[PDB]
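A short worksheet on the structure shown next.
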Amino acid sequence: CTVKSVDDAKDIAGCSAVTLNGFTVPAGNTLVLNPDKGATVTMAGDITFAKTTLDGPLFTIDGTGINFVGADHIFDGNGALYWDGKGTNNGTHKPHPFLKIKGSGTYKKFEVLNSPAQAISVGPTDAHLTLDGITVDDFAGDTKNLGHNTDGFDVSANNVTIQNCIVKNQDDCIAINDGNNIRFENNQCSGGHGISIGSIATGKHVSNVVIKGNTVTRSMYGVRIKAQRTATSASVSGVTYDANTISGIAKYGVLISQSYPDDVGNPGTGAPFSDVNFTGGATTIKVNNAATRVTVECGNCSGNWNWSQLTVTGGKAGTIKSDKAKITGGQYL
Ligand SMILES: *[C@@H]1O[C@H](CO)[C@@H](O)[C@H](O)[C@H]1NC(C)=O
Ligand SMILES: *[C@@H]1O[C@H](CO)[C@@H](O)[C@H](O)[C@H]1NC(C)=O
Ligand SMILES: O=C(O)[C@@H](O)[C@@H]1O[C@@H](O)[C@H](O)[C@H]1O
Ligand SMILES: O=C(O)[C@H]1O[C@@H](O)[C@H](O)[C@@H](O)[C@H]1O
Ligand SMILES: [Cl-]
């Protein structure tokens with residue numbers, strides 16, 4: 001019931017308490033844990049992943065009701081051995097995602113250090129999944145702008161809570177791409193592209209999202225809802241921004257857009273957005289001198305969007321094209 005190697009991981013059936021020791025995952029291997037239902041997995045050392053040619057995920061854990069106790073240990077993806085300024089758009093192969101977490105349970109207090117590109121993929125789930133106190137430290141990817149597409153959390157799942165986490169990276173802090181009942185609370189995001197829903201693709205539906213109590217600094221966007229212009233049979237509905245504190249934003253404080261990958265222009269109509277609110281505690285956003293405060297670019301949006309608790313300052317005014325939606329309140333124009 002102690003895992004000291006990739007091969008040991010295959011031998012944990014029957015263990016209600018697994019100890020995950022530190023070791024290196026060699027080139028051409030992956031580390032896969034399928035723990036017993038309700039097991040506790042406790043990390044007791046750091047796991048380093050030698051440079052590899054495999055596609056990710058390089059680490060996969062999948063189980064029901066898992067209690068993962070990280071004890072502040074590290075999954076080290078050796079990302080600087082791959083970073084080349086091009087991320088997953090071109091250039092060197094980047095194993096991605098680095099980690100994949102599936103099923104349900106509670107994951108606490110570990111660090112992903114220097115993912116090659118996207119750090120943690122979440123989902124699907126079979127019950128509630130909570131990630132609590134995880135650090136995605138990709139700060140080294142800021143050097144010479146080599147890290148890219150280093151998303152902290154990419155979520156395609158229902159019934160997820162991500163809280164008390166820290167992400168230092170070069171792309172979305174979180175990207176919520178599909179699922180219902182997702183809560184992102186009391187997290188700290190810096191360096192990257194802010195807190196995102198999307199990009200929304202054909203057939204994907206995000207609903208009942210709560211983005212509460214987070215801090216975003218030194219990022220390209222504060223919050224975004226992005227839908228691919230060409231997406232159809234898709235939607236975002238029921239999003240509440242509450243008590244977020246944001247500053248140091250380079251491009252847009254808020255960008256709600258159905259033009260992705262463009263920020264604006266000929267927005268699509270097949271991924272309707274509804275019921276997007278800034279309520280509860282103040283969401284205050286400070287943007288840089290060349291930035292835009294708020295832009296909404298809807299081809300198809302609906303509902304009474306209560307933005308009363310949003311304040312955005314700095315930079316210049318954006319543009320509001322809200323289609324059928326009526327946006328009330330706030331300070332940002
Ligand atoms: C990848 O680079 C090739 C040539 O280098 C170019 O055709 C292509 O558009 C690039 N794709 C991305 C995402 O950059
Ligand atoms: C998981 O989400 C699905 C769809 O939203 C819902 O039917 C189910 O009740 C949720 N389960 C839990 C434990 O939250
Ligand atoms: O929203 C998007 O489609 C992008 O940001 C993608 O998300 C992530 O998978 C990568 O950063 C990029 O490929
Ligand atoms: O944030 C975004 O949507 C985009 O950021 C760009 O810098 C990155 O090259 C794209 O792949 C996408 O991640
Ligand atoms: Cl290899």
(request) Of all residues in the range 243-265, count the ones that are in a strand (DSSP E or B), among the hydrophobic types (A, V, I, L, M, F, W, C) and more than 18 Å from the chain's Cα centre (by Cα). (result) 1
(request) Report, by residue number, each residue of the range 42-71 that is among the acidic types (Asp, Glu) and either in contact with a strand residue (DSSP E or B) (Cβ under 8 Å, 6 or more places away or on another chain) or away from ligand 3 (no atom under 15 Å from the Cβ) (or both). (result) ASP46, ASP62
(request) List every residue pair whose Cβ atoms sit under 6 Å apart, with the two residues 6 or more apart in sequence or on different chains, where the first one lies in the range 104-125 and is closer than 26 Å to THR53 by Cβ and the second, anywhere, is basic (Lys, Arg). (result) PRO116/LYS94; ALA117/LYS94; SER121/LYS100
(request) Answer yes or no as to whether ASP171 is among the acidic types (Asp, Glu), closer than 28 Å to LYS204 by Cβ and surrounded by fewer than 23 Cβ atoms within 10 Å (Cβ to Cβ). (result) no
(message) Can you report the number of residues in the range 221-234 which are surrounded by fewer than 19 Cβ atoms within 10 Å (Cβ to Cβ) and either at negative phi or under 14 Å from the mean Cα position of the chain (by Cα) (or both)?
(response) 2
(request) Would you check which residues across the range 58-77 are within 11 Å of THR40 (Cα to Cα), crowded, with 19+ Cβ neighbours inside 10 Å and not β-branched (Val, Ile, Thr) and list them? (result) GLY63, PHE68, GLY70
(request) Mind listing whichever residues of the range 72-99 are within 27 Å of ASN34 (Cα to Cα) and within 13 Å of ligand 3 (Cβ to nearest atom)? (result) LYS94, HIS96, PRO97, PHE98
(request) Could you tell me whether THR88 is without any contact (Cβ under 8 Å) to a residue 12 or more places away in the chain, surrounded by fewer than 24 Cβ atoms within 10 Å (Cβ to Cβ), of a type in the set (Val, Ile, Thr) and not in a strand (DSSP E or B)? (result) no
(request) Output the residue which, of all residues in the range 216-242 that are in a strand (DSSP E or B) and farther than 22 Å from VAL160 by Cα, is farthest from ligand 2 (Cβ to nearest atom). (result) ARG218
(message) Condition first: β-branched (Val, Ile, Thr), over 11 Å from the mean Cα position of the chain (by Cα) and crowded, with 23+ Cβ neighbours inside 10 Å. Now tell me which residues in the range 136-167 satisfy that.
(response) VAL160
(request) Can you give me the number of residues within the range 230-257 that are among the charged types (D, E, K, R) and free of Cβ contacts under 8 Å to residues at least 40 places away in the same chain? (result) 0
(request) Would you be able to tell me the number of residues in the range 198-215 that are surrounded by 21 or more Cβ atoms within 10 Å (Cβ to Cβ), free of Cβ contacts under 8 Å to residues at least 60 places away in the same chain and more than 16 Å from ligand 2 (Cβ to nearest atom)? (result) 2
(message) Scan the range 40-55 and tell me whether some residue there is within 16 Å of ligand 5 (Cβ to nearest atom), part of a loop (DSSP other than H, G, I, E, B) and within 21 Å of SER156 (Cα to Cα).
(response) yes
(message) So, in the range 117-133, how many residues would count as being more than 16 Å from ligand 4 (Cβ to nearest atom), surrounded by fewer than 24 Cβ atoms within 10 Å (Cβ to Cβ) and not charged (D, E, K, R)?
(response) 7
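Cβ sites come from the backbone with ideal geometry, for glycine too, and all protein chains shown count toward neighbours. Rule-based calculations on the coordinates, nothing more; no lab input.
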